[PDB]
Amino acid sequence: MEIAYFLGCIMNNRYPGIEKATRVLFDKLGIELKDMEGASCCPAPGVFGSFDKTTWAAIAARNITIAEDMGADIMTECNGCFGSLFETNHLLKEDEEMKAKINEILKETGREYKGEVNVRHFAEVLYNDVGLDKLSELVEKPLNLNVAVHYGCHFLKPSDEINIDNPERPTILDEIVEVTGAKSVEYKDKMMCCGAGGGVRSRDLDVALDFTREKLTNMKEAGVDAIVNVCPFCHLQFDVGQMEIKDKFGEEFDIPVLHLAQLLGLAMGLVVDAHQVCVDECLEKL
Amino acid sequence: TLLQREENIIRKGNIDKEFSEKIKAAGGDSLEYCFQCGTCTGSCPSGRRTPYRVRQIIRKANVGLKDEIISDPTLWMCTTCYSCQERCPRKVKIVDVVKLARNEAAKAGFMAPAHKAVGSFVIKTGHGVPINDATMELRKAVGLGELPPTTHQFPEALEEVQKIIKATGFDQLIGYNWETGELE
Amino acid sequence: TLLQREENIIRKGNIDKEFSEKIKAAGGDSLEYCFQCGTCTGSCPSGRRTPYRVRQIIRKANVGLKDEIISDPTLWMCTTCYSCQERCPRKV
Amino acid sequence: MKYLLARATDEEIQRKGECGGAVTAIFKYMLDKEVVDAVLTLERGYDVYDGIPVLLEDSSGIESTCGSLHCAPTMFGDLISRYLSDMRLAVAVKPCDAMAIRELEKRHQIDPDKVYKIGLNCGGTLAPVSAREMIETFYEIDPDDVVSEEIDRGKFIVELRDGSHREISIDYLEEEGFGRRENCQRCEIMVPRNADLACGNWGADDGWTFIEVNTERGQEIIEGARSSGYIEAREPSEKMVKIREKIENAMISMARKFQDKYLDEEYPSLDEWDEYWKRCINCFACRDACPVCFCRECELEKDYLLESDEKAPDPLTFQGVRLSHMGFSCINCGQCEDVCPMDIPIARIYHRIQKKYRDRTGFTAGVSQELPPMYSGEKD
Amino acid sequence: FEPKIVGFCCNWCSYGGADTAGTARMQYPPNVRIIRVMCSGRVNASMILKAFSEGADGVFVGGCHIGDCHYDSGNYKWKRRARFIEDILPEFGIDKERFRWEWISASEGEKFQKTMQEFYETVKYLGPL
Amino acid sequence: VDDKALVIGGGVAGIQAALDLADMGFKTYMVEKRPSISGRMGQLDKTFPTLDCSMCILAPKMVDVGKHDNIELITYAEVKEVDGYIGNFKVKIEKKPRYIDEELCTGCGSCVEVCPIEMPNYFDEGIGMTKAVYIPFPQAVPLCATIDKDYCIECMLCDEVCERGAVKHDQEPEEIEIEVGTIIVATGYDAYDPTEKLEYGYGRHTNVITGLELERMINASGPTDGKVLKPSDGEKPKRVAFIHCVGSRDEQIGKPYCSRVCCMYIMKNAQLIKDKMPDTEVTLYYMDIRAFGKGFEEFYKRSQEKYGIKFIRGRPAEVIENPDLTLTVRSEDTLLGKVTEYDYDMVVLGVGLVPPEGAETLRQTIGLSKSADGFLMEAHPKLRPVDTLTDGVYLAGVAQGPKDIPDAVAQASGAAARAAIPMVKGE
Amino acid sequence: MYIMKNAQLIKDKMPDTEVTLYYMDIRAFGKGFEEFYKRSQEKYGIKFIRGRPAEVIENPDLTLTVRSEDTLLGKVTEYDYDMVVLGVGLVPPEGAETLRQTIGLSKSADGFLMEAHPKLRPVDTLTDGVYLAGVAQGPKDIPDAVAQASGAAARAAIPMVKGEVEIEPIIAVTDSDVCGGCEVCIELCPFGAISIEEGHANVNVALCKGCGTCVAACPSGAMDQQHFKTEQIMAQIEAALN
Amino acid sequence: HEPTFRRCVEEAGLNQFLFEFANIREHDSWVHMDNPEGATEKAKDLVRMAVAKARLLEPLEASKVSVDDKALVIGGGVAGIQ
Ligand SMILES: Cc1cc2nc3c(=O)[nH]c(=O)nc-3n(C[C@H](O)[C@H](O)[C@H](O)COP(=O)(O)OP(=O)(O)OC[C@H]3O[C@@H](n4cnc5c(N)ncnc54)[C@H](O)[C@@H]3O)c2cc1C
Ligand SMILES: Cc1cc2nc3c(=O)[nH]c(=O)nc-3n(C[C@H](O)[C@H](O)[C@H](O)COP(=O)(O)OP(=O)(O)OC[C@H]3O[C@@H](n4cnc5c(N)ncnc54)[C@H](O)[C@@H]3O)c2cc1C
Ligand code: SF4
Ligand code: SF4
Ligand code: SF4
Ligand code: SF4
Ligand code: SF4
Ligand code: SF4
Ligand code: SF4
Ligand code: SF4
Ligand code: SF4
Ligand code: SF4
Ligand code: SF4
Ligand code: SF4
Ligand code: SF4
Ligand code: FES
């Protein structure tokens, strides 16, 4: 099938390995990814939603109109971008006054929002449109890895609108991980935030790094080889905040951070040089 | 001296009914029926390590204490993780109220220079996290293009983003200077 | 930074049950049955102009937060006017 | 299987079928395998403008019922409720037929267990005599030469005896007082999702029928018809399933525009309605044709309501009473206006009243499976 | 111009309200004629349309207050029918001000008197139908 | 065992008990000290949690009691002596002089029209006036006039205006002796008098009222024609405060119990005020919100959501009267942890329930034991809630302790069953 | 109340055990309940924390940390406990719906059985001859349930004492020749007096109260009310106007 | 006074439901004291309505339903036991 592909900022501007692994995986699955030419920031919900709702909604709607013109659903492999675009989409679908205001704003750009497309998440597409049996077929390398799955806040919440899985005790990402042969390890406060969302990372790096330090402490207590996430924002937090924690508190955690696409690429046959935490030991442990 | 005759008593001088009505009309009406159980504060990961108390934020929004809220720094300790909203027994849209209060604080002028920097980055390039040279080399090496199919590549997309920004008044909100391209 | 790992959470490390037992044995037995209505704080003329909060002092004495009490300067803002004690519905 | 592309395996059926003959193949399977006892369909008479209902008990010579007849604005619900009530049956239904059958089923006049609904996409029908006059006036041909008819890119198009095709923009015809029936222009429903199957050509290629399966019963029909090889199926491209959605949305938007025209802007004034009501001859053809008016004895014929003299009835005690009785369940099928010997636009007022009721209460006549809120036993 | 007004009043409250108004000697215009039913749930659109077609300039229906019905739900059905009748009536040239439906309790003599006075004034201002 | 019953009290519980006993085929006496039956339920405007009219549903029951063939109603009377035991009770009742003949009087009210003296009406709870000759309320049963001789000046104008000759200024108290098998005490309660709470200023501040007075003012048949007006100037209040647990849960006054209904009727009256005047601001000062009954929690949420009523958790410390007669409530908002001094045009005290006047006299007369809170004690708190340790005597309604109307009615029906069992057995 | 009772019983059995209650409101409304509440603190030293706990976390040693805000101290607390007891509420029993359909009763919003009138008929139902006692009607304690049971006994005995019930003949009647069996009238009877037999509506004489709602709802006029027939009301309308 | 006149007619031997009542005191005479002509015309109209209803009345008999003196209690808890 076909699906519009939204990149965001971090994945295409800081971690191209995620993009490369996703592209390779999705042609291996007979799904065509169509680029959304001219796409911009989702925009990042934390700052723009906090400063002005109209600007955030207008930019997100302009991004959605690209996929609408392409006549395909948007697919996102970022919790932040998925949250922003999903919220904008159904907010504009479920009311007309906000849609009218956003369309009046977009008129100057020559675009019109129609609400004829759906926003979908990488992991949800893999679970539903592909299936666990279809992905088990493409594992050439059973992996030997104790993995700490980080769901992220905006993958499943607010669950009243998303309806993908249970926010408290989800299983979807654990099943997708265990498809590859890696073992998902339960650790304390698994569903806790990484600390990057909501703009906190840009306003108080100490608080965000405290969030990250707490989960890294729990993760290390659980004895996990790597962290697997579905958000470039969470990826960047877990990757750069580890070095920041080392620089500030001298607290050493060396747990490589992997996107779900990269983990699926390790089984099945990564631009790890972009990662601030070396992944070489983890690969050698395989 | 511990004497402070103004910060230790609430009278009608500390209350603005217009502010609460405006918050309620903007999409946060559910705050009207919070019964102050404290589940949100117990669920908050920012309340365990900062003076941020979401329950008291909801209470102050309902009472009309506008100045006590918009000027409050702890308002910016919420990561919008939605745990409180997922656990509220009255189904209050806590995060919506938090974001509306943040919007009012920003218009009142309580914005952080780093958030202004991110906004200026979006105005300049259309990306909140613009690309740097090292990642350009990495993209070139791996097999992707030097610039992604985004506003980094298409100037017309950047012009569309900038007119949206001008239309919504975001530049005046963050005090952007188009003439010099600087945060004035 | 607003980060403070210790002042924003109460654990067993902050509690001295011996201090509570000592207070109750010396004649503060009544604090055991305060139901936190807040009449004492509303009556307090010091609480209107200082961060002194008599109800929270009674709460902390019941809980056993010795360091939170003895080191607090606001403990010395009470004039012993007895208004709170006159109006307390539990007769604390 | 929500969507399929099906076509008959019999060469005769696919040849004679409008859209690959899937519907005829389903009927032939259902009769042959005894799923149902009969099939209620249309069959052209002595020309394409003469479509008569037929009840087939066996599939022998079923291909005579193939093809679409756009000049047959028939209602089947009334026939199924008056005479065919205790039969297991399969019926071809336009969305208005399905709406009438649903309103009759929630009133226990038709048993939903016994009736199978293979609904058809409907973009509108035409009155036969009006259609012939239109073809004479605008296509400049003898109507007897027309062998087939369809509406599409905004175009009524006619196949001819010679073999060519003649095309005219339906916007022009409908602006000249011709084309689809006025109630069909206001029709808000195009796919019969209140039927078991929904067959059309809006997402199909040539020689195939695009089928949407609405119910598990539709799934059983399709499975039984494919397993025995009566129908061959494939799956639409999802590029097709989207072209269909866009077409349907455009059609519904145009229907809403026509509702705003006929029911608000061109709605007759009170004086014009007085002029119309002066004409009524109290024949009760509107009541008889209405599928929702099924009662064994009608209140309008009681001594305290019926007009005794040979003069026009008081519009209140006739029309307002029928409105209070059923106007929340009006399906805008236009039968009452079709049969009126005096050419009164009854359906306009009845549809306007139903629209007011729907806007206030949100009840959709012929779509919702429940009774109107009027008959609610709760204290809402 | 003296308008002709036909009234329907439930036995338990609205008939009792008119009786209470009479006992207190509260004066209202003589134009209304009251028909007694057990419940306002007995009234349907046929009655209102008949009254208007037989020459009534205004039609009044009086029931129990919502929650007070002597049969526990009749006034709910009547309220549904009354809203639908308000939809229907203007389609035939009858101003919906000519159709007045109210909840009157058995002790609200003053409410009945005021309702009758205002309804009479309104119908008189509207003029013959 | 005698097959006759006595029911002391003419409230909803007593009415229910009498009707249940009479429908079971037992001749029942009903003794009511007020001139008419109804109790406190007849004084309420609406009821919680449905906000449905109170008198509209009670009045049919009162008429049924007054028309029943198995019920002898004796209003304006008191039980003076009780002797004997179960099945053999000897009861001396004293009917007070009405100075009106209950048989001749039709309740037309002309005497009230002509009377030149004005006195407070007991039904209006100190905020309404009537004449020396009065009918407590239009739905009174019996619909008879009463003369208060403490105010009558003997002008004899009622004599002149009466056409039935029902006025009897020479009437004397009457002694009635009855024999019954069982007694059901249904004497209800009185509202707490908050005058002793000097800090809240009731009786001194003009614009401080109790919940019962607010119930009378809200009522469309009340002294204000259903208009809530400031006593100071007779204008509507723009800001109203409600104080919970006034006279309850307080050891400074020896009232350590919960009155069980004040939360719900406070919220009900706030909702009614908001209904009548949507622009009025209403604030409730509470410790706990006890919305425990069926639909009560939804009623609480609806008060917050639909009506926008403000809830402040904190027992007010003081009420102060400003020179302009507005009221400053000084109270700690415990959930904000800060003192607040909010100004209001009216303050309503959520007074509790106490045993009625003369409760001790009747309790000694019958010979019953009272509970710690001052109400009557049942035989066993769990399994015999309507019985007493005195055989043949049963309790119903708030006589056994504070409760709402459904609970009182259920207790009245249960007491009727328990009283019927001995009279059915006959030994 | 049962949380406080069990806390007091634990303290009686184990004087040295520490007991804490996490509450939103303390609903000690019944007779002697407020004194019970106070005695929980004065006599047994039970601790009360006002706050709805956010989470309960199991430690490796199986101790339980209750993460909850103390809203009166205004601060988050994480206290460890050897045991956590949940104050579970009351729900209708298993098979409640089956019995409710068997008898034909109606349930209230909270899922329990509905009484005829919330105020004056707490134990009766709109289904004549059926009464509710105890928690079947809604949550309550033992004395309330006992009072309701005795009241239900009285209300049930009244009809059985009488031995007969008289029904006024202003009831509704169906003409089976005109009834189409549409059944739109069935749910309009609040007393459930209408049923469907042999494809026609039948009004139970004993259950009809004579309101006339079903009569006004029937389109064809197959239902008519005795003493208030449609013909009679139409005649009255005509006479009033002509 | 409907029960009074129903009893009167039934003692006369006429079915009590063949009796109709017209309200000309509370509805006509006590509320239109200022308009004697209007009051008389309204009384005539009300009597006409009453006669119109009476012309179509039918005799009805109350029905008696026997009640069995056995009870069923579902549930054997404290409430059911009580
Ligand atoms: C009036 C009309 C309008 C239509 N409009 C649209 C449209 O706008 N868009 C769209 O996608 N499809 C429309 N259709 C359906 C279209 O013809 C499909 O191609 C076809 O229904 C798919 O099934 P088939 O060709 O396999 O059926 P066939 O094998 O041709 O069998 C069709 C069956 O429908 C029966 N039938 C039931 N009602 C009628 C009637 N009123 N006139 C004629 N036959 C009838 C026929 O007698 C026959 O048995 C319309 C059909 C009709 C009758
Ligand atoms: C302000 C307020 C509002 C309320 N609102 C509601 C509400 O909305 N809904 C609700 O359900 N409940 C409400 N209640 C509670 C409700 O009023 C009671 O539950 C109910 O009135 C109790 O009825 P009762 O018959 O037990 O007592 P009462 O109503 O007090 O009746 C007792 C009767 O006994 C008479 N009597 C007293 N002593 C004697 C004696 N010695 N001899 C003879 N007769 C005597 C009294 O005069 C009276 O007639 C409210 C209470 C208050 C105070
Ligand atoms: S959880 Fe909901 S109801 Fe409770 S304090 Fe937080 S916002 Fe209020
Ligand atoms: S969304 Fe904000 S307030 Fe709510 S739990 Fe997360 S950080 Fe706390
Ligand atoms: S007044 Fe008494 S019970 Fe209330 S908070 Fe103060 S000490 Fe506690
Ligand atoms: S004695 Fe006076 S100053 Fe001290 S706490 Fe009590 S009221 Fe406050
Ligand atoms: S009314 Fe609708 S369904 Fe019926 S023929 Fe016309 S367009 Fe088709
Ligand atoms: S009223 Fe006319 S348009 Fe409506 S359902 Fe009946 S026949 Fe069809
Ligand atoms: S007009 Fe009324 S009674 Fe007559 S058939 Fe239609 S719905 Fe039935
Ligand atoms: S079909 Fe036309 S003429 Fe005949 S009764 Fe109906 S409206 Fe009158
Ligand atoms: S005493 Fe006479 S005047 Fe007074 S109310 Fe009774 S009957 Fe009327
Ligand atoms: S005699 Fe007494 S009651 Fe009668 S009018 Fe004179 S003062 Fe009033
Ligand atoms: S019911 Fe409420 S207001 Fe009344 S005493 Fe109890 S807690 Fe206080
Ligand atoms: S009585 Fe009337 S409404 Fe009821 S089922 Fe028969 S026809 Fe239908
Ligand atoms: S008349 Fe009323 S009570 Fe009788 S069957 Fe019909 S709806 Fe039920
Ligand atoms: S009894 Fe008057 S409305 Fe039902």
# chains A, B, ... in the order shown; residues from 1 in each chain; ligands from 1
>>> residues_around(residues="stretch 87-92 of chain C", least_positions_apart="2", cutoff="12 Å", atoms="only C-alpha atoms", output="PyMOL selection string")
(chain C and resi 24+27-44+54-55+58-59+62+81-85) or (chain F and resi 197-200+245-257+287+315-318) or (chain G and resi 34-35+37-39+41-42)
>>> residues_near_ligand(ligand="ligand 10", cutoff="9 Å", atoms="only C-alpha atoms and all ligand atoms", output="PyMOL selection string")
chain D and resi 276-277+279-289+312-313+318-319+336-346
>>> write_last_selection(atoms="C-alpha atoms", output="PDB file, in the first residue's frame")
ATOM      1  CA  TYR D 276     -51.824  24.168  -4.079  1.00  0.00           C
ATOM      2  CA  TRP D 277     -54.046  22.923  -1.248  1.00  0.00           C
ATOM      3  CA  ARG D 279     -56.471  21.662  -5.711  1.00  0.00           C
ATOM      4  CA  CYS D 280     -56.571  18.557  -3.513  1.00  0.00           C
ATOM      5  CA  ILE D 281     -59.284  16.078  -4.514  1.00  0.00           C
ATOM      6  CA  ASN D 282     -59.028  13.971  -1.336  1.00  0.00           C
ATOM      7  CA  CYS D 283     -58.135  10.849  -3.319  1.00  0.00           C
ATOM      8  CA  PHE D 284     -55.594   9.577  -0.728  1.00  0.00           C
ATOM      9  CA  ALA D 285     -53.081   8.516  -3.391  1.00  0.00           C
ATOM     10  CA  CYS D 286     -50.284  10.151  -1.386  1.00  0.00           C
ATOM     11  CA  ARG D 287     -51.275   8.163   1.702  1.00  0.00           C
ATOM     12  CA  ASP D 288     -51.557   4.915  -0.269  1.00  0.00           C
ATOM     13  CA  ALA D 289     -48.180   5.364  -1.980  1.00  0.00           C
ATOM     14  CA  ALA D 312     -60.716  20.395  -1.154  1.00  0.00           C
ATOM     15  CA  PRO D 313     -59.938  19.141   2.372  1.00  0.00           C
ATOM     16  CA  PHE D 318     -55.412  15.926   6.302  1.00  0.00           C
ATOM     17  CA  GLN D 319     -51.803  16.974   5.844  1.00  0.00           C
ATOM     18  CA  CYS D 336     -46.522  10.707  -2.527  1.00  0.00           C
ATOM     19  CA  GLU D 337     -45.554  13.520  -4.888  1.00  0.00           C
ATOM     20  CA  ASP D 338     -45.154  11.008  -7.728  1.00  0.00           C
ATOM     21  CA  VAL D 339     -48.725   9.710  -7.498  1.00  0.00           C
ATOM     22  CA  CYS D 340     -50.551  12.965  -6.728  1.00  0.00           C
ATOM     23  CA  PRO D 341     -53.146  13.542  -9.493  1.00  0.00           C
ATOM     24  CA  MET D 342     -53.046  17.281  -8.748  1.00  0.00           C
ATOM     25  CA  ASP D 343     -49.252  17.796  -8.936  1.00  0.00           C
ATOM     26  CA  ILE D 344     -48.914  19.037  -5.357  1.00  0.00           C
ATOM     27  CA  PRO D 345     -45.305  19.095  -4.022  1.00  0.00           C
ATOM     28  CA  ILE D 346     -46.123  17.069  -0.907  1.00  0.00           C
TER      29      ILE D 346
END
>>> atom_distance(atom1="atom CA of residue F:230", atom2="atom 21 (O, counted along the ligand's line) of ligand 2")
26.3 Å
>>> interface_residues(of="chain D", to="chain G", cutoff="7 Å", atoms="only C-alpha atoms", output="ChimeraX atom specification")
/D:107-109,295-299,304,325,375-377
>>> residues_around(residues="residue B:116", least_positions_apart="2", cutoff="12 Å", atoms="only C-alpha atoms", output="number ranges by chain")
A: 47-48, 50-51, 199, 202-203; B: 106, 109-114, 118-123, 128, 170-176, 182-184
>>> residues_near_ligand(ligand="ligand 7", cutoff="9 Å", atoms="only C-alpha atoms and all ligand atoms", output="short mmCIF file (atom, residue, chain, number, x, y, z; two decimals) with N, CA, C and O atoms, in the first residue's frame")
data_model
loop_
_atom_site.label_atom_id
_atom_site.label_comp_id
_atom_site.auth_asym_id
_atom_site.auth_seq_id
_atom_site.Cartn_x
_atom_site.Cartn_y
_atom_site.Cartn_z
N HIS D 70 -32.86 3.49 -14.76
CA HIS D 70 -32.89 4.77 -14.07
C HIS D 70 -34.25 5.44 -14.15
O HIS D 70 -34.52 6.36 -13.37
N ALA D 72 -37.14 4.06 -13.38
CA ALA D 72 -38.06 3.24 -12.59
C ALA D 72 -37.96 3.69 -11.14
O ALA D 72 -37.25 3.08 -10.33
N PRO D 73 -38.67 4.76 -10.77
CA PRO D 73 -38.65 5.22 -9.37
C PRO D 73 -39.58 4.41 -8.48
O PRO D 73 -40.53 4.92 -7.88
N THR D 74 -39.31 3.12 -8.39
CA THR D 74 -40.20 2.19 -7.71
C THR D 74 -39.90 2.12 -6.21
O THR D 74 -38.80 2.44 -5.75
N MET D 75 -40.91 1.71 -5.45
CA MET D 75 -40.78 1.40 -4.04
C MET D 75 -41.08 -0.08 -3.84
O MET D 75 -42.10 -0.57 -4.35
N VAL D 93 -32.59 -3.20 -3.72
CA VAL D 93 -33.09 -2.00 -3.07
C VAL D 93 -32.18 -0.83 -3.38
O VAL D 93 -30.96 -0.91 -3.20
N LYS D 94 -32.76 0.27 -3.85
CA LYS D 94 -32.09 1.55 -3.79
C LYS D 94 -32.09 2.02 -2.34
O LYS D 94 -32.79 1.46 -1.50
N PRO D 95 -31.29 3.03 -2.01
CA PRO D 95 -31.29 3.51 -0.62
C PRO D 95 -32.66 3.90 -0.09
O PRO D 95 -32.92 3.71 1.10
N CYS D 96 -33.56 4.41 -0.93
CA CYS D 96 -34.91 4.73 -0.46
C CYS D 96 -35.70 3.46 -0.18
O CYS D 96 -36.49 3.42 0.78
N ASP D 97 -35.52 2.42 -0.99
CA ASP D 97 -36.16 1.14 -0.70
C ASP D 97 -35.70 0.60 0.65
O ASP D 97 -36.50 0.13 1.46
N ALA D 98 -34.39 0.66 0.90
CA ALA D 98 -33.85 0.18 2.17
C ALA D 98 -34.35 1.04 3.33
O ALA D 98 -34.63 0.51 4.41
N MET D 99 -34.47 2.35 3.12
CA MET D 99 -34.99 3.21 4.17
C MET D 99 -36.44 2.86 4.51
O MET D 99 -36.81 2.78 5.68
N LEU D 120 -28.35 -1.15 -3.98
CA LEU D 120 -27.64 -0.60 -5.12
C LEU D 120 -27.31 0.86 -4.84
O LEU D 120 -28.09 1.56 -4.19
N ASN D 121 -26.15 1.31 -5.31
CA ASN D 121 -25.87 2.74 -5.30
C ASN D 121 -26.91 3.45 -6.16
O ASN D 121 -27.31 2.94 -7.21
N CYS D 122 -27.37 4.61 -5.71
CA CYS D 122 -28.36 5.37 -6.46
C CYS D 122 -27.97 6.84 -6.49
O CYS D 122 -27.89 7.49 -5.45
N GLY D 123 -27.73 7.35 -7.70
CA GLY D 123 -27.55 8.76 -7.93
C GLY D 123 -28.80 9.48 -8.34
O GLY D 123 -28.76 10.70 -8.55
N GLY D 124 -29.91 8.78 -8.48
CA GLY D 124 -31.18 9.38 -8.83
C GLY D 124 -31.94 8.54 -9.83
O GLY D 124 -31.38 7.68 -10.51
N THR D 125 -33.24 8.78 -9.91
CA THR D 125 -34.11 8.17 -10.91
C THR D 125 -34.86 9.27 -11.63
O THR D 125 -34.86 10.43 -11.21
N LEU D 126 -35.51 8.90 -12.72
CA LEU D 126 -36.30 9.82 -13.52
C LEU D 126 -37.70 9.25 -13.72
O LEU D 126 -37.89 8.04 -13.70
N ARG D 180 -33.39 14.25 -12.93
CA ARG D 180 -33.77 13.47 -11.76
C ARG D 180 -34.97 14.11 -11.07
O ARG D 180 -35.24 15.30 -11.21
N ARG D 181 -35.69 13.29 -10.31
CA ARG D 181 -36.80 13.79 -9.53
C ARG D 181 -36.29 14.76 -8.46
O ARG D 181 -35.16 14.65 -7.99
N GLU D 182 -37.14 15.72 -8.10
CA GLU D 182 -36.72 16.76 -7.17
C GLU D 182 -36.32 16.17 -5.82
O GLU D 182 -35.39 16.66 -5.18
N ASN D 183 -37.02 15.13 -5.37
CA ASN D 183 -36.62 14.46 -4.14
C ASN D 183 -35.29 13.74 -4.31
O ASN D 183 -34.52 13.62 -3.35
N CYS D 184 -35.00 13.25 -5.52
CA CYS D 184 -33.71 12.61 -5.77
C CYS D 184 -32.57 13.61 -5.74
O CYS D 184 -31.45 13.27 -5.35
N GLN D 185 -32.83 14.86 -6.14
CA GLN D 185 -31.81 15.89 -6.06
C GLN D 185 -31.49 16.25 -4.62
O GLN D 185 -30.36 16.66 -4.32
N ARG D 186 -32.45 16.11 -3.72
CA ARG D 186 -32.25 16.36 -2.30
C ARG D 186 -31.76 15.14 -1.54
O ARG D 186 -31.50 15.25 -0.34
N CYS D 187 -31.63 14.00 -2.20
CA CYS D 187 -31.30 12.76 -1.49
C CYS D 187 -29.90 12.84 -0.91
O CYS D 187 -28.93 13.14 -1.63
N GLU D 188 -29.78 12.57 0.38
CA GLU D 188 -28.53 12.68 1.10
C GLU D 188 -27.76 11.38 1.19
O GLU D 188 -26.62 11.38 1.67
N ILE D 189 -28.33 10.26 0.74
CA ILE D 189 -27.85 8.87 0.84
C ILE D 189 -27.68 8.26 -0.50
O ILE D 189 -28.48 8.35 -1.21
N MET D 190 -26.58 7.72 -0.79
CA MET D 190 -26.10 7.25 -2.11
C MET D 190 -25.67 5.83 -2.02
O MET D 190 -26.00 5.15 -2.81
N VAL D 191 -24.89 5.49 -1.01
CA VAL D 191 -24.67 4.07 -0.74
C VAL D 191 -25.66 3.48 0.25
O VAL D 191 -25.86 4.05 1.32
N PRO D 192 -26.31 2.35 -0.07
CA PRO D 192 -27.24 1.76 0.91
C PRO D 192 -26.52 0.96 1.99
O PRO D 192 -26.41 -0.26 1.96
N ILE D 331 -38.81 9.47 4.50
CA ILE D 331 -37.55 9.06 3.90
C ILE D 331 -37.26 9.81 2.60
O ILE D 331 -36.27 9.52 1.94
N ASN D 332 -38.11 10.77 2.24
CA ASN D 332 -37.90 11.58 1.04
C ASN D 332 -37.80 10.70 -0.21
O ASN D 332 -36.97 10.92 -1.08
N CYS D 333 -38.66 9.69 -0.28
CA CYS D 333 -38.73 8.81 -1.43
C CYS D 333 -39.56 9.38 -2.57
O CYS D 333 -39.46 8.88 -3.70
N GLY D 334 -40.36 10.41 -2.32
CA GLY D 334 -41.08 11.10 -3.37
C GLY D 334 -42.26 10.37 -3.95
O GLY D 334 -42.83 10.85 -4.94
#
